[PDB]
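Engineer: Give me a model of this one.
(10 chains, ligands or ions: 1)
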Amino acid sequence: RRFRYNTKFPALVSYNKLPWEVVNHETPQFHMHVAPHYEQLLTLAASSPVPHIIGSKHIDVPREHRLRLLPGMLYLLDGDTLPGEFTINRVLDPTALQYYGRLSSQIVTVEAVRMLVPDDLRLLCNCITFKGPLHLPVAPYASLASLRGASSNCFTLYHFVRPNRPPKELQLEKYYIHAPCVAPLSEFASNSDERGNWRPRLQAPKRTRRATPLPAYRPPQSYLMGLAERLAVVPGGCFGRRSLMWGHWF
Amino acid sequence: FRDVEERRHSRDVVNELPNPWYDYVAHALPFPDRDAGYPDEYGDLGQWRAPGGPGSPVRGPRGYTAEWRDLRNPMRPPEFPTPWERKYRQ
Amino acid sequence: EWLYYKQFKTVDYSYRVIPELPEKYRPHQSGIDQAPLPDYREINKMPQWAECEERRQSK
Amino acid sequence: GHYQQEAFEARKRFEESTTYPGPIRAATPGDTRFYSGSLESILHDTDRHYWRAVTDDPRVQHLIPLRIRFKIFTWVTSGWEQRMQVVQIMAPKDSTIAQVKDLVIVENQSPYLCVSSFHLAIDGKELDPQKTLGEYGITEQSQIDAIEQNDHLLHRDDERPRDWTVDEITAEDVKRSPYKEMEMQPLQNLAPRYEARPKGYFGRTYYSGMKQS
Amino acid sequence: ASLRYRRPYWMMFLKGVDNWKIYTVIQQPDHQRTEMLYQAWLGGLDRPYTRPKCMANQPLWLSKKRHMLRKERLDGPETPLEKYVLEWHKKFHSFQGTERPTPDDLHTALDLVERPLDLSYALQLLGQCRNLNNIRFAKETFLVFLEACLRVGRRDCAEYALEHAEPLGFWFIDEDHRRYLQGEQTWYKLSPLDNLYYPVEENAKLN
Amino acid sequence: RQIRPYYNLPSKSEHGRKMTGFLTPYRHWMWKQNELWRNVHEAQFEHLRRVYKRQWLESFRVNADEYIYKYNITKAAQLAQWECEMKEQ
Amino acid sequence: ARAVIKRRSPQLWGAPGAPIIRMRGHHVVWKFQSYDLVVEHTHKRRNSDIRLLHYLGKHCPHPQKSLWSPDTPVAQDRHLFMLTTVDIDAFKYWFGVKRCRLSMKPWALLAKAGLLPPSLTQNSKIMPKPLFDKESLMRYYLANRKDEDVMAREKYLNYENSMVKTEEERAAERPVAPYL
Amino acid sequence: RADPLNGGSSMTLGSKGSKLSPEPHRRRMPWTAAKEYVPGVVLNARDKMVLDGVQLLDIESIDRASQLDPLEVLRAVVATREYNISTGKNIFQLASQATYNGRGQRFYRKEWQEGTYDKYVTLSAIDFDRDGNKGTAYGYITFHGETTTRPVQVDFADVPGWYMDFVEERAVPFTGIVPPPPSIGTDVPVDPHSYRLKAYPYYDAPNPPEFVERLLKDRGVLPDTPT
Amino acid sequence: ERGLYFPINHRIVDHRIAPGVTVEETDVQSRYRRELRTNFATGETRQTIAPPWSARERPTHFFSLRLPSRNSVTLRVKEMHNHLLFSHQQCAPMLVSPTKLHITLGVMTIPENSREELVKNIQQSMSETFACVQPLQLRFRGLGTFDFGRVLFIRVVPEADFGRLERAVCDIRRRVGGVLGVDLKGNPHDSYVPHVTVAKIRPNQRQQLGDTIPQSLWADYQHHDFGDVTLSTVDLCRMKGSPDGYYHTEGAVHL
RNA sequence: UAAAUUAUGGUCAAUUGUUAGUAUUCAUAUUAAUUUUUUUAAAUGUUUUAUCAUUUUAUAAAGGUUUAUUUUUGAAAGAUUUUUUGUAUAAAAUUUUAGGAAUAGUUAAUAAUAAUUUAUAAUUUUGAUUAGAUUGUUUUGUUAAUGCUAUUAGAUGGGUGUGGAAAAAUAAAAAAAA
Ligand SMILES: [Mg+2]
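Structural biologist: Numbers count the residues shown, from 1 in each chain, chains lettered A, B, ... in the order given. Below, you will see the structure:
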């Protein structure tokens, strides 16, 4: 536990303070930090309407207000256009593009990712273009419903963030409302004509035979690190509870 | 193990009897409920003193009151003629 | 285990490794000057086996 | 969360109330400077060292403790590590950003923090130095940081301070400002003693907010 | 069995370094002068230099500078392959280098063989390329290896490589070349423009 | 201590301990059987610990209630005596 | 957490913590030997009185005849007596509220007294340590299983408040008519 | 704390377990957190006598006088390769021998597929440093059909204990991005024919008769006489 | 090396921060002495707290102890003004005229629509409550600040006749704000602190004269002795001094 | 300025040396202790781990202190979980010597100031400061007794400052993650 004020060492000298988390765009850990937020934002946009997420055109801001309004701004465009006064960097690093694998597969295939740096080097515009319609269903009232990319076909997403800042710099924490989709309920809804097609059953069918047993268990032949309960590791070293032992060699 | 043990325990007549060392704890407070033999404020031992004396904490404090009605003159006959011995009465 | 861990001079015999500090650890004060540079004109001589197989190839 | 909104609503209705002769100055006491324990502990303006079982009337705060977060590259033995420092200033209720900058540069009291011009920003958005805290709605719980002139390129090794572990420090470099404070020559007494942590303190990877194993 | 209390906190997780107590007590006058003399003995610097404030390892810059200034063997390269060995060591064997060679570099090194010593150097470089750098081979690496061995006169090296090429990592072995090298065919390749079956000792028949 | 079987993995290292901390799968299985007996006793031990805490809390509650009653009576008597003495003064 | 560990008497998790009940006794001639059940910290200094949370009581490990009792023909009542003086309230307070620990000798003594179940140390060599099988345990669980409601009620009585107030007591306690 | 094994019971010192909680017990030291480990000493104790058959030339030894016959050099290279492979195999050795650095392949250890344990990693990327047996690797760890949403850096990518079976369909070119495997529970509908669970949270394998007999023999309940 | 290793003045711990974030998450760096500087040192005097509704409308009238121009305090502050002007010429607009000095005992806001009936009651209450009190003597010394340094006033230490003055002002507040409804800035059960304003920054002058009076202007005279003055009159006046060159006369009682 | 009693209550105070004109506690007794007749060692390999490492293992004697030695729950106990609540370095009194005089990186204010701020500073004859002696406020011995006479083991500066806490360099009657 940590519930103590600092009185052992002077405040001017930070003697045992944890390092501040900083994200650098020259490293793939930036993509690692940002990609899941992108996929969550896409899911939220496809499920429920989101304000200020749809972009008719590139926003125009004067230089003095450029560092005041642009940071934190994230939206999407139908066309593959890039803002001016930005030098372009293409993702040629397999490690950098690996982090978008879940976004490409489960959500929507990504066409390209580019990092745009202004001449003053005081900003970063991550522009990621996805080619193809969303794999997940898109509600007619959702923000992406107004986007022609769903239902050229490719659509892009722009995100502005100041370089060399803590991971809280991007305001992607607010895009986390878990609005559910109505994909199964739409089938039984009045507008769809499958309500009579669907046949519900109230009683479970009778069972005549027991379930097939597991195959013969063979104890492991290699050496073991010891009991997970005593070693306080999770069952498979990945997840689970220490007390609830399962999925190990025995 | 617990179920088999409790089932075995319930089958014995000698059980289901109170166990003072197990069913309760007598006194949890540190201080006792009455003084016992400890030295007096004057320095006297417990054997040299008895409670209820001046060292004990104080007990505290138009018409006729409520206790005036029950009092009656012994000249008047008693309410209940209990056959008191004359020697004890004197 | 105990025989291996004894000579490291552990006061409590706590299975630690504390190598002894010699009085003269660096070679320069141990008594040697700069490391001798190998004779390059000698190490550049082609080996005798190489000369023999070169002659065999020339055969 | 709930405390801020309920306090604001209570203050609003207290202001709106018109039938009030005013609190009694003698009946309402102030905080005392003398109390048990050998520590001088400052609390909020609504807290007292003595036990006060009654809830006093809300007051408008005339002195907001603005806390500005600066980057600081402390020298650990393993290498330079970037961490966070907090500078606290006591600004009036209607203090403009210009006087806020004056207060932070006068109360930074650190040689490295105020080395160059910087701009105050909140959640990544820069603050206009012309309007006051009233326009921004800044409370005592607001999180404000600062961006210097050369913090946008700190990822470059040239901008990063050069440690003697990997980088060569020259005779002209030992005469510079930070490298004079640092001492590459191990003195007998080792006057510049700094925080030390092992290279494997965080494992094979550095400190991160996520799991990489 | 933890040394966190025996030695200063800054030198935890230190392995390989011998006598860390030297660096713990390096602040003494005699130990400091011994360290200065040892660093001068290693050379590479003009001023009297000592180790940093708290470091049991030599600084990266100093170690790299000493490695680069280190006098290298084989001062006089006779053949172009002899010079290529020097430049390969310069590029892909620099201290703390992240670069890894390529099969194109391996082919260029192997195609410059003229002497049996050149063949030995090229074979050693190929072996270290596949063991230390662990680089996947291309299609024609075995072809150029066979050509080098044939034009240098090393039949036995080719046969030995063929018999267990899988440990060598040669994932492609042509059927024509395997039949030639297993004592079943007299030629292993044909020149496209010349229409002749190598080697020349076999060309003496077909002509 | 922790038992280390003779038939375990021998650490082929001269710079450290001669035996590893791993174990045979049979040793892991037989350890689980032994650890199962440890849980049988401690679960009764833990249950008895909780019921003893409950009993002590209840006894403290009752005895403290009685002591509070008596102490309040005594202090009320003391304060009444004090106010009577103040009037006499 | 020491540069040179006191190898003769080591402990676990440092000092001072985890109060533990032990049996201290000065090493004297066996005929004058008597121990003292007492609760103390894991680490003790040269004198045991530094870390002494509470004193449980004396124990004389000498079987003695019951001279205080009259000479009775009862065979069991004429066996040798091993007298032990223990405290119940403090023991329960330290065991439950503070969750102290116990050593094998005090555990065996308390098991004899009836406060605790028999310790893990004392075992009969005749009976070996048994083994377990999941299928048979599941079969027994299906063969007999208590109701969830009654198990929750008994758990509540054993762990949470057990001195409950019934409707008779509630009706007695409820206010009288004049103040209604 | 986080994982109070068998509750907070403290009957013995071993009742709390070898390690109290998966989180580090001391806030200062993060490395001491509970995590799966493999025997580093045994896995890195490569066979030394196997290199004694033929001498090995040093890299820094480049002078002409120390050069050996090319046949001997090839023998030394074979000896070094078999010396590296003798203890086992690491993903850094399988990646170069698999196409596209083995991206999208399924890597598992020998102990990861024995008993009720069933875990593997779907490779996503590998970075190679100068040494071909070193570097880093990232992938999706899958445990009993459940896979991580985001790629993670694999643990112990250097120890020679890894195995992999090459399949061309799952290979991912550098142009594309390795897709995370679907989850058997959420992503793909469950089907006993496609995949059947080997161990569930409350499962524990039955005691094998050989281990039971060995334990009984050790405890002495079964008769035993020396030959 | 000069003194103690950890001075007592530097053992400050801040409870305004979260408990567990100062040890590891961050380190707060600030000069905590400025906010703990005592009111005696900083010149701040606790004025009666006004309710929000009464703190909006501007005051209309005020009680004062009328004094002759010959009184000692007038020439003491005249010499103080001379010294201040000689030292720095930029504080003249902040400094008030010597002829506009009065000892205020209370401030109130009488609406102009119904002022005529209220002023008669106020003056008759003042007469009936001052028909018995003898002329007061007050010793003035020290400097104080009101409205966060906006108002600079001469402190009135307790002395002879000061107890009678405070009892009289409490009675005046009871008889004016208590029985009949008049907006007193403070509380009727609270006592107003007498003072004479030597310097004050007007809200219109706040634009270019800073936000507060710097302490260095009156630091040397923070504890200056301005002497003993006898007051034998009281006046209910209004904020209008420019037309007649003197205090506006709305009600007067010759105490 | 009145007696006592519904009668021993409320639980044991008791002193022993055969001298030697007188003055004054001073030779020889008793108890307690030391002393002769040979009673009477403080043990050498702590342990586990992921292997050239990491994790657990915190007050023995050394150094002479009389205005003096004072502090934590961040480890552990410790528990569905997350989360949360609090502290604490400061004091007061008792302080030795046959012949008794000066003491000092120094007091207060200020501050995360000042080797160089401001001030009529602070200690002490009500016995200071150095020096000598002695490990401080539950321990014995003697006696009828206000007395007299004893007692112990351990906190002796920092200097990459690990740790919750320095107590951290041989010394057990401490079972220390099966
Ligand atoms: Mg002395």
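
Engineer: Now the longest strand along chain A: buried residues?
Structural biologist: Ordering each strand of chain A by length in residues (DSSP state E) puts strand A:110-118 first. For strand A:110-118, a neighbour-count test (16 or more other Cβ atoms under 10 Å in any protein chain shown) marks A:110-111, A:113-118 as buried. Placement of C-beta: from N, CA and C, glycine included.

Engineer: And for stretch B:47-60?
Structural biologist: Here stretch B:47-60 shows B:49, B:60 as buried, counting by 16+ other Cβ under 10 Å.

Engineer: And that stretch, how far out from the chain middle?
Structural biologist: With Cα atoms, centre = their mean, to the nearest Å as the basis, stretch B:47-60 stands 17 Å off its chain's centre.

Engineer: mind checking the end-to-end distance for it?
Structural biologist: 28 Å (Cα to Cα, to the nearest Å).

Engineer: can that stretch be found next to chain F?
Structural biologist: Yes. Judged by Cβ under 8 Å from any Cβ of the partner chain, stretch B:47-60 comes into contact with chain F at B:57-60.

Engineer: give me every residue that touches the residue in chain B positioned nearest to chain C.
Structural biologist: When scored by Cβ to the nearest Cβ, chain B has residue B:1 as its residue closest to chain C, at 40.0 Å. Each residue near residue B:1 by Cβ atoms under 8 Å, 6 or more residues apart in numbering or on different chains is listed here: residue F:40.

Engineer: try residue I:58
Structural biologist: By Cβ under 8 Å, 6+ apart, residue I:58 lies in contact with residue I:109.

Engineer: Helix or strand for it, just tell me which one.
Structural biologist: Residue I:58 is located outside every helix and strand, with elements delineated by DSSP states H and E.

Engineer: Could you check how far it is from residue I:250?
Structural biologist: Counting by Cβ to Cβ, to the nearest Å, the gap from residue I:58 to residue I:250 is 16 Å.

Engineer: Same check on residue D:165?
Structural biologist: For residue D:165, the distance to residue I:250 equals 82 Å [Cβ to Cβ].

Engineer: Can you give me the neighbour number for residue G:129?
Structural biologist: 12 (other Cβ atoms under 10 Å in any protein chain shown).

Engineer: is it true that it lies in a helix?
Structural biologist: No. With DSSP: H, G, I helix; E, B strand; the rest coil as the criterion, residue G:129 is coil rather than part of a helix.

Engineer: Tell me who's in contact with it.
Structural biologist: Contacts of residue G:129 by Cβ under 8 Å, 6+ apart are F:33-34, F:37, G:123, H:219.

Engineer: Repeat the analysis, applying 7 Å as the threshold.
Structural biologist: Residues counted as contacts of residue G:129 (Cβ atoms under 7 Å, 6 or more residues apart in numbering or on different chains) are F:37, H:219.

Engineer: Repeat that for residue F:27.
Structural biologist: residue F:5.

Engineer: Surely it forms part of a strand?
Structural biologist: No. Counting by three-state DSSP, residue F:27 is not part of a strand but helix.

Engineer: The lengthiest helix in chain E and chain C, any residue contact?
Structural biologist: Longest helix in chain E by number of residues (criterion: DSSP state H): helix E:116-131. Yes. Using Cβ under 7 Å from any Cβ of the partner chain, we find that helix E:116-131 touches chain C at E:116-117.

Engineer: Contacts for that helix, please.
Structural biologist: C:46, C:50, C:53-54, C:57, E:79, E:81, E:85, E:88, E:101, E:106, E:109-110, E:112-113, E:135, E:148, E:152, E:154, E:157, E:169, H:57, H:59, H:64, H:67, H:70, H:73-74, H:77, H:80-81, H:84.

Engineer: near chain D at all, the longest strand of chain A?
Structural biologist: No. Using Cβ under 7 Å from any Cβ, strand A:110-118 stays clear of chain D, coming no nearer than 9.9 Å.

Engineer: Toward the C-terminus from the top helix by length along chain D, list the very next helix or strand.
Structural biologist: Secondary structure of chain D read by DSSP H shows that its longest helix is helix D:2-16. Per DSSP H and E, the first helix or strand lying C-terminal to helix D:2-16 is strand D:40-42.

Engineer: And that following strand, what's buried?
Structural biologist: Buried, per 16+ other Cβ under 10 Å, within strand D:40-42: D:40, D:42.

Engineer: For the longest strand of chain A, which strands pair with it and how are they oriented?
Structural biologist: strand A:86-90 (antiparallel), strand A:124-130 (antiparallel) (DSSP bridges).

Engineer: ok, now which ones touch the closest residue to chain I within chain E?
Structural biologist: Proximity of chain E to chain I (Cβ to the nearest Cβ) peaks at residue E:9, 16.9 Å away. Shown in contact with residue E:9 (Cβ under 7 Å, 6+ apart): residue D:196.

Engineer: With the one 5 residues further on instead?
Structural biologist: With contacts taken as Cβ under 7 Å, 6+ apart, residue E:14 has the following neighbours: E:20, E:56.

Engineer: So it, which state does it fall into?
Structural biologist: Applying three-state DSSP: residue E:14 is coil.

Engineer: ok, now how distant is it from chain A?
Structural biologist: 21 Å (Cβ to the nearest Cβ, to the nearest Å).

Engineer: what does residue I:5 give?
Structural biologist: 11 Å.

Engineer: In what element of secondary structure is that residue found?
Structural biologist: Per DSSP H and E, there is no helix or strand for residue I:5.

Engineer: Could you give the number of residues near it?
Structural biologist: Counted by other Cβ under 10 Å, the residues lying close to residue I:5 total 5.

Engineer: same deal with residue A:25?
Structural biologist: 18.

Engineer: ditto for the one 10 residues further on
Structural biologist: Here the count is done by other Cβ under 10 Å, and residue A:35 has 23 residues near it.

Engineer: which stretch of helix or strand covers it?
Structural biologist: helix A:29-47.

Engineer: okay, that helix in PDB with CA atoms only?
Structural biologist: Coordinates of each C-alpha in helix A:29-47 appear next as PDB, following Å, rounded to 0.1, in the frame of the first residue of the first chain:
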ATOM      1  CA  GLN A  29       5.200   1.700 -28.600                       C
ATOM      2  CA  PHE A  30       3.200   4.700 -29.900                       C
ATOM      3  CA  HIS A  31       1.200   2.400 -32.200                       C
ATOM      4  CA  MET A  32       1.000  -0.100 -29.300                       C
ATOM      5  CA  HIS A  33      -0.500   2.600 -27.000                       C
ATOM      6  CA  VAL A  34      -2.900   4.100 -29.600                       C
ATOM      7  CA  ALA A  35      -4.300   1.100 -31.600                       C
ATOM      8  CA  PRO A  36      -6.800  -0.300 -29.100                       C
ATOM      9  CA  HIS A  37      -8.200   3.100 -28.500                       C
ATOM     10  CA  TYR A  38      -8.700   3.400 -32.300                       C
ATOM     11  CA  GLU A  39     -10.500   0.200 -32.500                       C
ATOM     12  CA  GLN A  40     -12.700   1.000 -29.500                       C
ATOM     13  CA  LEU A  41     -13.500   4.400 -31.100                       C
ATOM     14  CA  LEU A  42     -14.400   2.800 -34.400                       C
ATOM     15  CA  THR A  43     -16.800   0.400 -32.600                       C
ATOM     16  CA  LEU A  44     -18.400   3.300 -30.700                       C
ATOM     17  CA  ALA A  45     -18.900   5.200 -33.900                       C
ATOM     18  CA  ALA A  46     -20.400   2.200 -35.600                       C
ATOM     19  CA  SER A  47     -22.800   1.500 -32.700                       C
END
